[PDB]
């Protein structure tokens, strides 16, 4: 699906091919950018606090729990996507791997069936 790996500060570490197609950023452009560039406000400005809250409390909220959210493409367009993150440790520091399943087609099919 699309895959993104970030470090404990929300910085993109790895960014898969399918992620590039989905979000519109190339791997080099994406890497080193904060994961919040992938979501609209008000979430964008808060994401760091979310990662910060968890880091500090050690109390999971959305770890291993998939939820539907609104993502943002490079061109400004937004779209619903299913997201699940796994926590992993490497080199002593924590990393988070997210799997994204695009849901636009589902949202359109559902909107359309409702309209008809």
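Numbering follows the first chain given and starts at 1. In this text, rigid core is short for the largest set of C-alphas that superpose within 1.5 Å between two forms.
- Greater average departure of CA atoms from the shown form, over structures and residues in 6 other deposited structures of this protein after a core fit, characterises 62-70 among 33-41 and 62-70.
- Superposing on the core and measuring CA offsets in 6 other deposited structures of this protein, the stretch of 86-94 and 52-60 with the greater mean deviation is 52-60.
- Comparing 103-111 with 17-25, the higher mean C-alpha B-factor in the PDB entry belongs to 103-111.
- Across the two stretches, 91-99 and 6-14, the PDB entry reports the greater mean Cα temperature factor for 91-99.
- When the C-alpha B-factors of 31, 65, 37, 81 are read from the PDB record, the largest value belongs to 65.
- Placement of the Cα temperature factor of residue 86 within the chain: lowest third of the modelled residues, per the deposited record.
- Among the modelled residues of its chain, residue 42 has a C-alpha B-factor that falls in the middle third according to the deposited record.
- Annotation for residue 60: CA B-factor lies in the highest third of the chain's modelled residues.
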